[PDB]
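Visitor: This one is an experimental structure. Sequence first:
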Amino acid sequence: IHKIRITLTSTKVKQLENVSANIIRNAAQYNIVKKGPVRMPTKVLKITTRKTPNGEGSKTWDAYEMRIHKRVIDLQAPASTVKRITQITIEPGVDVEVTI
Amino acid sequence: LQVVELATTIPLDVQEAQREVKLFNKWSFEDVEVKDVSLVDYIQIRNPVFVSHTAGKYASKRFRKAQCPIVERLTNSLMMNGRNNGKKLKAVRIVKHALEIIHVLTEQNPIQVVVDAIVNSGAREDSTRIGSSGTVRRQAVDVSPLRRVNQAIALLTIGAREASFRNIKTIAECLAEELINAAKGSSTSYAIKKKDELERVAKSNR
Amino acid sequence: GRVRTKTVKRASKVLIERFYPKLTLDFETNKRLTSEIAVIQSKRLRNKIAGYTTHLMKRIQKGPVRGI
Amino acid sequence: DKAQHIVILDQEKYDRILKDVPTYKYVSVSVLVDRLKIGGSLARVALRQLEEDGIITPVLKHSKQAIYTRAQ
Amino acid sequence: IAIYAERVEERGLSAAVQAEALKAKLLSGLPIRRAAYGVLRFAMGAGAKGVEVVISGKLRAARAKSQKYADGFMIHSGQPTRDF
Amino acid sequence: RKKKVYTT
Amino acid sequence: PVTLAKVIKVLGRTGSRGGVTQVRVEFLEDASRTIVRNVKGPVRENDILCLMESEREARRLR
Amino acid sequence: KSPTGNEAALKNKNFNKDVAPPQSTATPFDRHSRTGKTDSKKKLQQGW
Amino acid sequence: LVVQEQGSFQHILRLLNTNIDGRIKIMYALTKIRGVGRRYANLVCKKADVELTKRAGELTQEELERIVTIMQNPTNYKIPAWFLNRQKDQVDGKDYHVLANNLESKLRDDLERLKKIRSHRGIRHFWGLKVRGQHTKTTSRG
Amino acid sequence: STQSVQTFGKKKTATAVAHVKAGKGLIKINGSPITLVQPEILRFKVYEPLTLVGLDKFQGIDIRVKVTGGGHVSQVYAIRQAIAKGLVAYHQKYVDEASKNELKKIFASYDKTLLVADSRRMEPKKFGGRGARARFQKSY
Amino acid sequence: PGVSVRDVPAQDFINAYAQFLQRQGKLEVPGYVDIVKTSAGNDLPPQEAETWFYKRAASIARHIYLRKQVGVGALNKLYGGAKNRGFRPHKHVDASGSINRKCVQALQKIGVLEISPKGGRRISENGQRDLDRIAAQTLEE
RNA sequence: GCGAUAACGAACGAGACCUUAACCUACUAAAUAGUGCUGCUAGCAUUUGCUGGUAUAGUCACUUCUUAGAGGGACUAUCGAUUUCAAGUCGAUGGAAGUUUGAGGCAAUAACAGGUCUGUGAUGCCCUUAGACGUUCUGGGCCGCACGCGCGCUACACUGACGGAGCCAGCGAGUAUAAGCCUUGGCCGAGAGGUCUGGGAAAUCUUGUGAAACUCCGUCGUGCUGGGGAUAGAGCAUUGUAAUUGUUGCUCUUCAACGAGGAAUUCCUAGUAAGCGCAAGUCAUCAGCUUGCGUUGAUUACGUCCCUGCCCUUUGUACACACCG
């Protein structure tokens, strides 16, 4: 047995929720007790620049955004089982870190 | 009338509020009546309130202001001239103290004096301008009951504000003198000079 | 103002010319019905279309309407 | 610069206060200043004692406003 | 790191390929009208709902001008411009 | 905008 | 000697800036002698607005 | 008074005795080209 | 409570060659003396055991001499050095607190001492301009 | 356990969570009696849900609220809403619904904000001005 | 019923604990209380020169009572106010550190406080005993 | 949009759309959120109660508040008036929400001698190219002061200043062998600040950012006064290689105009205006500035074309580089 934490971060929620559900799915048919996923409060990375490359015109501003969504999943399983779950649910957008 | 024993003890005076809702738990709306048929529907005293602070939505529709309590409309007009905008608790304190001063003076019901000062302060005919693109022209027109009521509150608080400026007399007791004098129709009070001066000019335009 | 546009006015009257027997004078029933009759991309447009179809249905019962 | 309110209490004003303040419908800090020509600070101490001496009944208590009345 | 090169399936539907292809034609001296219509018809031939080509600059004249060469149906405002 | 003139 | 006249019909906005309204008034007592008069403030029907002088009609304002 | 530090303490500020100028604004056909090189129709015809 | 007195009030006081209104409260009456601010006058009154609830004229001569003694000798009455007007004096390096007539004299002596060495700060004092680096383009219009 | 209902009232940002258990007439604000809620001049705003129905309704219930967020005035309005909603929610679950409809009538007939949270929120600020609608002063 | 600190108004509880704590006399008052300003944002020293230190210690004790291990830096933030910057806008500035640190040190050796684990200063075993006592002797009148 | 109709039926733009805010005791879970219970534990009355602390093993329970994903919900819904009985509008009732539900993002057909080659290893041409107009080093300037003007910040006091006490937000940011991030807690120091440890690459720590107005109790008492805090002197620290032409911060002292502002003129219709602060950006240091955020929170319309700009129709034209003709 091993208390293992899996942290999921990505910018887009569709691939994030697929990986999140897929990990939960593999922790269900395998009789592994789980806690999660925990939807962490999303982070809005905001950058407000001036539209004008020069300094002439009405003072108009862009407001760019970069939402970061974070999910943490707690697993009680041996380390070999949890790591192979990660390769099952590998997605280009979502990065995975595994901590005991 | 029975005194209700709670685990959290409740003061005697506030338990008396179960019988009746009174302004600041001191002033009753039951014996208050508007001595003018034309402003009954625009001076709202039928729904009693404890404190003149309701934080309601009276600016959404057109005539919702007529549904705001008359004392709350009065305390709203006190907080003016920049440094007082948004200071409603200060305004409520002034009104609460003003009513007590209006009570020790003339001994009447303080909110009755407030109602009397409002009916006597709204000009019944104001001379609107009909200037044709710059030239000076004035025409005498009638004044709606809503504008008649809310110009009384505007004039009553403006007069109280200026009487307390650079004066040792406090604003609460400048308002009490302003409200008491206008209630009895005395021309000494501000907002009665203004009301007379408005209706005097309107007489010279019809 | 609350003036409905042409994308909702003409699409709603196509429903009446096509599914009058299945329609009714109830918005809630119409709202569910138009979700199985038309492919609406957004819920807000679905409610607007069903809300105007109900108004037209309520008006047909009071007499003949022009254009439908 | 015309106020010149009295801030020191002599004997002529002291008994004048106790003979005149009771015959008032409403007394306060400004009322004492306005009509007795005494200063505001002297008015505040006069009110706090006149209440202790029983001449004056406290209608309402507040720091910024003191509403008082006759006790007779 | 491993790099793989993959061919774009629909050259007519890739504005990057069409812009690079158009640039390789304009730098060869081909006239703008003949060059612009070579991508207008190539985009439609691939099945595009719409296509618009704008070429701006100066061409044998001191004053500069811009010419738009549209085709088909184009949407301009709202979210769908980010999708289609 | 100016003509650099030397002294040394 | 003020007279009270309930309004029964709001005719329309008049005056140069639209700040004055034509209205149709009806007297509280002697429910006749209906007059058209101009009013400054906002007006609904059934306003008991009183008239300092009654013997005067109203027309459009310039 | 060769050094500027020594002379500064001896020069008086005689500024309040002279009056400011009455006006001091010192900062036009944009439509008419001033290049003087008109474009012939042949050049536009060949380019575009 | 209100108390009365006769003949003891002094309408005009004269301290350090400065006329003091006797009906002003003592802490703020002493602020008329140049070089004595509210913060300094508040402390000398507490060091002299003069309760602040007294007007200037209420004070007796015994208290008045006790105050002028403290203001002229602050360090001798456990007044901190950092609280003083003129600390680390230029010539003798001791902590001082200049008063009514001494203040403008030693303020002057600082100006020539700056002007004698012809420092930039001393020069700008001579011209009547702002010396602490303030911009004078648009506000020096007095 | 016992007869417990948990509710909440809201103003602009202030939110007051009320726990209503069966007991004696205990009514606390953050562990402190309601008779000393500040500011004093708005103390009757929280007395309204009490005196409107009569304190006899609170014999069998004890109320402990925890109010956080918002401001001084906004917290008072959150508390009075939590009390009024808490009393109603207890009646709906452990008393006949006839009384709950009775309680809801007096509260609603007096002030809508006693039961319905005010939906007004602060408008976002837009560039080109110091406020939501206000703009920088223009000069010619 | 058991009276607690939370059952008595703060303003008149502090006025009662300050009077008791001064008459008890065991609280050690530093020698600069007649000189110092409470905060750098203040412009004048407290008007109640003889008693201001006692009342502030009473306020500090009550404030620590209702919370858990509040430090002295938080106390500077608590008693700080808006500074009167001349033409620039107002700003929040913390109160003086020594006055608060001396108060908690004075209260810690009088038996009301102690160093709490993981920082701050908890209220003492006897700190509850004597504050809750003053609360009872505050509201009987 | 209704309608009138030599037009009929359409497309772009508007609207739809997307992001955000408001509702959900209805789902899905949460030791990086909260609560009730339960252990253990404290104080006060002893009534079994009331406030706490503790519990990453009490190896509890739950999702109401908190977080976020899947959805639901509003479509002007129902009912009265008016209307060409049409589009609609105005009133009520219900509702979380009935101003396009609030706010934004995106945004047509052409075009401007609008602004930038001082953002670009974006650029054509002209100029310069070794005593350089390249690059770098040192010092100064961009701040310079008889003046006119604009964006703002403090104020002219008592609806206030101080002095104590009460004590409530939201949006965010945060590091490693650096070149040093956010920094609690303890100890010194009147302060500013210094010093020793620890936490945090973060819903975990800074941080409940205990913000300011605000509220209570006192002093002041209409006085250029305890309003206001320029100008200036002396001193103490911080950043930086370097503070002089004061970077900034702190202490004492100095106590200026200003006592509500002419002709004119700006912004604004509801959580809005106005106050009131806070964060992020610039940033070694410096915010009277912007970009946002929240606290307190109104007066007055909810109308018109009277002024002003723009749009449309008719009309005149010797204009079309289009009246700067």
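Guide: Yes, it's here. Numbering: from 1, shown residues only, chains lettered A, B, ... in the order given.
Visitor: Can you tell me the element the residue in chain I positioned nearest to chain K falls in?
Guide: The minimum distance from chain I to chain K, using Cβ to the nearest Cβ, falls at residue I:46 (5.1 Å). (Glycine included, C-beta is placed from N, CA and C.) Assessed by DSSP states H and E, residue I:46 sits inside helix I:38-47.
Visitor: That helix: what's the following helix or strand?
Guide: Using DSSP H and E, the helix or strand that follows helix I:38-47 in sequence is helix I:61-72.
Visitor: To what extent is residue C:21 buried, counted in neighbours?
Guide: Residue C:21 sits with 5 neighbouring residues when counted by other Cβ atoms under 10 Å in any protein chain shown.
Visitor: I'd assumed it was in a strand, is it?
Guide: No - applying DSSP: H, G, I helix; E, B strand; the rest coil, one finds residue C:21 to be coil, outside a strand.
Visitor: need the contact list for the residue of chain I closest to chain K.
Guide: Neighbour list for residue I:46: I:52, K:34, K:49 [criterion: Cβ atoms under 8 Å, 6 or more residues apart in numbering or on different chains].
Visitor: again, only this time at 10 Å
Guide: Applying Cβ atoms under 10 Å, 6 or more residues apart in numbering or on different chains, we find residue I:46 in contact with I:27, I:52, I:70, K:34-35, K:45, K:49-50.
Visitor: Distance check, the residue positioned nearest the centre of chain B against chain H.
Guide: Most central in chain B under Cα atoms, centre = their mean is residue B:74, positioned 3.9 Å from the mean C-alpha point. To chain H, residue B:74 is 52 Å away according to Cβ to the nearest Cβ, to the nearest Å.
Visitor: show me what contacts that residue?
Guide: B:52, B:91, B:94-95, B:98, B:111, B:114, B:117-118, B:152-153, B:156-157, B:175, B:179 are the contacts of residue B:74 under Cβ under 10 Å, 6+ apart.
Visitor: ok, and of the residues you listed, which contact RNA strand L?
Guide: B:91, B:94, B:153, B:157 (Cβ under 7 Å from any atom of the strand).
Visitor: Residue 22 is in what secondary structure piece?
Guide: Picking chain A for this. According to DSSP H and E, residue A:22 maps onto helix A:13-29.
Visitor: Oops, wrong one, chain E.
Guide: With DSSP H and E as criterion, residue E:22 is part of helix E:15-26.
Visitor: now that helix, how far from the chain's geometric center?
Guide: Between the centre of helix E:15-26 and the centre of its chain there are 7 Å (Cα atoms, centre = their mean, to the nearest Å).
Visitor: same question, stretch B:12-20
Guide: With Cα atoms, centre = their mean as the basis, stretch B:12-20 stands 26 Å off its chain's centre.
Visitor: same thing with stretch I:37-44?
Guide: Using Cα atoms, centre = their mean, the offset of stretch I:37-44 from its chain centre is 9 Å.
Visitor: Using CSV, write down the CA coordinates of that stretch.
Guide: Provided in CSV are the C-alpha atoms of stretch I:37-44 (Å, rounded to 0.1, in the frame of the first residue of the first chain):
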residue,chain,number,x,y,z
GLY,I,37,5.5,72.7,18.0
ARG,I,38,2.6,70.7,19.3
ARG,I,39,4.7,67.6,19.7
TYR,I,40,7.4,69.5,21.6
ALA,I,41,5.0,71.6,23.7
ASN,I,42,3.1,68.4,24.6
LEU,I,43,6.2,66.9,26.2
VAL,I,44,7.6,70.0,28.1
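Visitor: related to what we said a few turns ago, in the ones next to RNA strand L among the contacts of residue B:74, find the pair that's most separated.
Guide: B:94 and B:153 (14.0 Å; Cβ to Cβ).
Visitor: list the residues that contact both of the two?
Guide: With Cβ under 10 Å, 6+ apart, residue B:94 and residue B:153 have common neighbours B:74-75, B:78.
Visitor: Now render these as a markdown table, adding secondary structure.
Guide: Formatted as a markdown table, those follow (three-state DSSP):
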| residue | secondary structure |
| --- | --- |
| B:74 | helix |
| B:75 | helix |
| B:78 | helix |
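Visitor: which one among these gets closest to chain J?
Guide: residue B:75 (11.1 Å).
Visitor: Please verify my assumption that that closest one contacts residue B:95.
Guide: Yes - contact criterion Cβ atoms under 10 Å: residue B:75 and residue B:95 qualify, at 4.6 Å.
Visitor: Next, work out how far apart the residue nearest the centre of chain I and residue J:98 are.
Guide: Nearest residue to the geometric centre of chain I (Cα atoms, centre = their mean): residue I:35, 1.6 Å. With the distance defined as Cβ to Cβ, to the nearest Å, residue I:35 ends up 81 Å from residue J:98.
Visitor: ranges for the helices of chain E?
Guide: Assigned by DSSP state H, the helices in chain E fall at E:15-26, E:32-46, E:80-83.
Visitor: could you list every residue that touches the residue in chain F that chain G sits nearest to?
Guide: With Cβ to the nearest Cβ as the measure, residue F:1 is the residue of chain F nearest to chain G, at 57.4 Å. By Cβ under 10 Å, 6+ apart, no residues touch residue F:1.
Visitor: you'd agree it is in a strand?
Guide: No - counting by three-state DSSP, residue F:1 is not found in a strand; it is coil.
Visitor: wait, what's in contact with residue G:58?
Guide: B:139, B:141-142, G:11, G:14, G:20, G:22-23, G:25, G:35-39.
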